[PDB]
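Report on the structure given below.
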Amino acid sequence: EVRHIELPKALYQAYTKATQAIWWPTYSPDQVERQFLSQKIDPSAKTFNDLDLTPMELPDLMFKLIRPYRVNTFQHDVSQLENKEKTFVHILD
Amino acid sequence: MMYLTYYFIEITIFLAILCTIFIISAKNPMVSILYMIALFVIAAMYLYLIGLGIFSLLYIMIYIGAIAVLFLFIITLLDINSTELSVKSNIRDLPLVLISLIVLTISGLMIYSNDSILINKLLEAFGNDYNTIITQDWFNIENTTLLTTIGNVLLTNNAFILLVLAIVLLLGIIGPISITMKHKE
Amino acid sequence: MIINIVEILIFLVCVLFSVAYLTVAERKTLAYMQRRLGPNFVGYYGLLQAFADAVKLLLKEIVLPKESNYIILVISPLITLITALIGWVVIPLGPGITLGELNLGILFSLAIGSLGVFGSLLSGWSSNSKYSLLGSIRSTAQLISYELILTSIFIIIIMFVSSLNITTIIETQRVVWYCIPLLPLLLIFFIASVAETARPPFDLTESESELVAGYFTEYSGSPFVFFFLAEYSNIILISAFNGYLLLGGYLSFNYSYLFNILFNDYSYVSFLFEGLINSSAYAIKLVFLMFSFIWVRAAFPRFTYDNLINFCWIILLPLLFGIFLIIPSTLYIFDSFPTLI
Amino acid sequence: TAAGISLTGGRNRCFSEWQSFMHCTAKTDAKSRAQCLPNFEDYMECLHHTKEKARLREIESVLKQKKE
Amino acid sequence: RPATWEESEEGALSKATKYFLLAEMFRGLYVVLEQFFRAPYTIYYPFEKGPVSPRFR
Amino acid sequence: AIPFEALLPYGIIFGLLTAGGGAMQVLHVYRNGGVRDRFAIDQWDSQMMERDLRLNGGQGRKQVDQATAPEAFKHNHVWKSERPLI
Amino acid sequence: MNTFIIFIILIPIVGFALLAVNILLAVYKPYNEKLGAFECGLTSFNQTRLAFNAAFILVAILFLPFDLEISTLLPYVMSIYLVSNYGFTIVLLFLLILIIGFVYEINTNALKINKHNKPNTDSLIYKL
Amino acid sequence: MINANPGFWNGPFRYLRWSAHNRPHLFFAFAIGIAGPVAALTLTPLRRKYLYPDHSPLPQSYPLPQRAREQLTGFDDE
Amino acid sequence: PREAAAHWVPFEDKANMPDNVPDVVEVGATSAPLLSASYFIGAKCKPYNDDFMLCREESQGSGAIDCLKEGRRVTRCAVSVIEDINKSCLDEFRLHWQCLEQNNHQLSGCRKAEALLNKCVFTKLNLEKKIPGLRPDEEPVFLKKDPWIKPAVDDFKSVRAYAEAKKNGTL
Amino acid sequence: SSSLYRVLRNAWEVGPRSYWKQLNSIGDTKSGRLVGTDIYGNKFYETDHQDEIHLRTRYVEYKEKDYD
Amino acid sequence: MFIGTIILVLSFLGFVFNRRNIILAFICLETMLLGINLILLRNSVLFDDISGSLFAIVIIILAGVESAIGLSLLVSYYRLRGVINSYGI
């Protein structure tokens, strides 16, 4: 379960403005400004299909890209494992 | 500055409630064992508080040092499946859990007093208001501590229970070999 | 409480820097035994090698693998280090010169040493690997198996002095050090010390596991520094146990004659020189025991798990269950059961 | 067997009351055993301090409401 | 033929002393310690070079 | 002994622990007032030390050899009122 | 505030110093295979445990009673003078009874690891 | 096999020789453990008779006299 | 009784003793001089001490209120002993208890001052140190010539005084 | 020879300036006669003492701090 | 008195209403013994009595042997079955 918060603008923008004082990259205030600016595609501009290219889209590649962070907690429904497990040796004498 | 350390018994009671809840609640039983270790630490603290640090150290070296070690030893070696604490599985227990909590706690606090009327038996248990005076005597000439006296009574006045605990420990050796080992012939 | 903070900081500084230079001592002594020299280049005469190692490690990533656990991997070093360092509270460098002058000091030592097994236990749980969980088991078996021998020697010594105050155990050895009547117990306690520290010839699972992909401590960064500090502090603390149980701790020749010659009344120079002599004795004994650890690493091959468990449970404990019978019998024969203090 | 022994190896806090009560039991039979009621009350009072607690409750209440 | 415990030119107590007191092991410790007091072979390389021959490639 | 470079770290360990023990001896003596530490103290010695604190003006381990106490020692007595254990 | 208390609290609530120094100073930009674990190696959804020999768990199960024995000897060594020549005999009987179990442990060979693939020791006999 | 057990009941002395040669870790533990109780039984009275007797007891408490009170004076008031 | 536990506030009492109880001086000596004068107190206050304990035992509970006269006698006898020490034998006494302070109140570290003090009190006050309960066969440990247990540093002033007293035949 | 008398004797032969230079450069204290100098400025030495082992008799003292 | 009764009662409830583990059952038994020992030792201190501390150290020993035997029995159960499941003991 990915955690998200959704707290207001005047607070997050100030928190970001504060975290620019550390040396490493952080979420910038202009990024939370861009959080209100959705993509407006220019129709006069060329596209992929002018290059004979057909993109992938995100849901088919999300598996490939996110499976390193998949935990894979345990196996599914270990019931129906009892009587087969009964036939193996578990402590060697 | 004086009363900064007054509520250190109440804090241990609170932390014990918390650690028991975490034992019941933890997903992986390894975490339940670790919270049991934390509860042993809290009990050892409380025992130092009331003046029995010898028992605190005995607890640290026996319970945490051997029993918890053996618990971790077995869960590292055995497959112990677990169902997570759920609302579709455990919420049915709440009425009986609450009834039993109230009844068992109140009876456990009533059982310690000898008063005839039942309500007063709880009210005396909560009558922890007045402090104890600690006066000093000069009659104890030796350096006898709690462990010395335990040894004295256990080896003279109570030698029989020691020489029966010997057979209990013999069982602790002979049973596990009979149950775990397979003798060839 | 100002001077309490001062005493604590002095003690901490001296202990931790002793550890950091024991690393260099290990390397240089093993080297000169091996007809080489090293480290001699990273300070003048090699006296900044450990600090270079520390500074490097404290700038490395703290990579934690995919199927591992963050919290356990990160705190197990820290719990191990805490337990290694809080055992120094009861160690006396003089008659009462201690941070913790507990009358239950032996039991504090013996109970805080009981918690060092949890590091090796929890290390195995920081991965979804089934064979490291067995290396964990083998190591913990070794540690719990030699704990019994250390505790047995503790109790055999306390048969001679009926006290758990470490300063009293030392002051009883003004007459004779307990290595003289119990010289084989010195060998046994050193052997069990080397085995509890998981040091060679008892380095089975570290040696075992560097072969395989797992079953050893594959930590990076700060966990790694903490584990090194824990190891090279437990070495000094188990040699300290050797010291105050069998080698007299801080004791030496009687210097009453010399002090009555040099001095005429108690001054602070008198007290400083007393303290320096006593802690000098304690430190030279510790140095000898650390050199012995290094020597044993240099000399002998390694054990297997079977040979080691057999060694312990079939050779050493029988002798000690016999010594439990022979020491009180020797005290009964001569009417020498010891009094409290 | 370990009755009447302290944590320090000696007589416990409420030894004397117990010993008085046991002297009176040794004097008595099961029909004259009711003579030993005040002694047993004393032993239990030493143990649990009920009457002294009620006394101090009265003292405190006089310090409590008759003033404020 | 193998030699049994009988037909032994060494008493039980003597070999038990060698068993309990770790004779050969102390001898090995001493042979390692003798090297501690011998000259190290190490040459400091950027400032002292090793042996080279005319044939070197 | 020949290899001094190998004994230098041992010398540092020796010197640090020695100086630590010496400074700790001095600090303990400063804390006590020119007297070595007490150790292995039982109940009796603790009660006697409290009595000494009653006979001197709270001046730690200062000892008094006079045969009659000040008249403050009659009213300086301490009883300890302990929390209820639960 | 005693120096004992100061030390034993200070060690835990300060031990994370170099931890934080390392977390703030050091790089952290993981890969998939830097989050990986080995040169080669794999395992399907076969099981969560490996079969182990009995001695591996028996050493731990027997650590408890022998440890309790040696810890029960502590009252004796702290009472040795007061229990003069009576408790001595009692603890000797204690130790003998507990040595009987140790004898049992040795004679059963409970901590020994046994080997399955024996070497063949049977003669080669040819039916004529 | 080479040096198998000959049995204690088929000869004690031979068995003990075999044990010293082939099982020293058990034999000498047995010797240590047995030599304490036996020595305690057999040598202690010789020690009491010919070396030094047992020490007189320590007080262990205030030695309250077993007598009736006696009237005293000295160090009374005034 | 047990020592306090988990919290405890000292509290004094500014009340005076009742008037049916006469006044009595206190002893006023701290740990070390009292440890030095213990045996000389016991040599002189045996009857008063044991009468105090016998009236406590006979009282069977009321010893605090029934034994006041007897305890006053004990206190006065001890004060008399320490007054006699201070009037006559103060330098050796001070040697002894300062020596006790620099040790851990171990009498084994103070024998050279103990000898001088015992000689002084035996000659002037006629009180001698005796460890009872022993046999004629047992050697009292404070008279052993060469003990096993000796101090780390023998006290300086006591050593100089012992030397001077052996050169002047006082011992 | 790995002994202290060696470094003390050599540091008496080569003065303290050379001692600190050698300690900052080589890490060891060596005393030898100057054999020559190269075109870059590096000075080359040879020792005759029995203490120095085979292959430790000839050495270099570089001119640059960033030696190579 | 309070800490012990609380630990005991909560351990008993976590034993009774455990639909998850067997390890929790072991833990709840051990914590129940702990709670009893704490009440026992508090009474030992208040009465200034040794019988309570004697009973407590005896409980320590007996609980250790109990743990050893219980975890041998679990190992036999696992010898035969190979998996210790949510249910079925």
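Going by the order they are written in, the chains are A, B, C, D, E, F, G, H, I, J and K; count residues from 1 in each one.
Everything below uses one rule, namely that a contact is a pair of C-beta atoms (placed from the backbone, for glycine too) under 8 Å apart; a residue touches a chain by one contact, two chains touch by 3 or more.
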Field: Partner chains that chain C and chain I have in common
entry: B, F, H
Task: Taking all protein C-alpha atoms shown, work out their mean, then name the chain whose own C-alpha mean is nearest to it.
output: C
Query: Which of the two pairs, A-G or B-K, is linked by more C-beta contacts?
result: B-K
Statement: Between chain G and chain I, the Cα-mean centres are separated in Å by 54
- line: Whole-angstrom distance, CA centroid of chain A to CA centroid of chain E, is 61
Message: Using Cα averages as centroids, what's the distance between chain D and chain J in whole Å?
response: 92
Statement: Expressed in whole Å, how far the mean CA point of chain I lies from that of chain K is 53
Statement: Residue numbers in chain A touching two or more further chains are 68, 78, 88, 90-91, 93
- request: Two or more other chains in contact with one residue: find those residues in chain D.
  value: 2, 5-10, 13
- prompt: So which stretches of chain C touch two or more other chains?
  reply: 7, 11, 29, 31-32, 37, 40, 45, 66-67, 95-96, 101, 103, 107, 134, 137, 140, 144, 147, 163, 266, 274, 314, 318, 321, 325, 328-329, 332, 339-341
Message: So in the complex, the part of chain K that touches chain B is made up of which residues?
response: 1-3, 5-14, 16-24, 26-28, 30-31, 34, 38, 41-42, 44-45, 50, 53-54, 56-58, 60-65, 67-69, 71-76, 78-79, 82-86
- prompt: Which residues, counting only chain F, touch chain E once they are in their complex?
  reply: 1-3, 6
Field: Of all residues in chain B, those that touch chain D in their complex
entry: 113-115, 124, 127, 129-130, 139-140, 142, 144-146, 148-149, 152-153, 157-158
Query: If you look only at chain F, which of its residues touch chain B in the complex?
result: 42-44, 47, 79-86
Task: Give every residue of chain B touching chain G within the complex, in rising order.
output: 58, 61-62, 65-67, 69-70, 73-74, 77-79, 144-145, 147-152, 154-156, 159, 162-163, 165-167, 169-170, 172-174, 176-177, 180-183
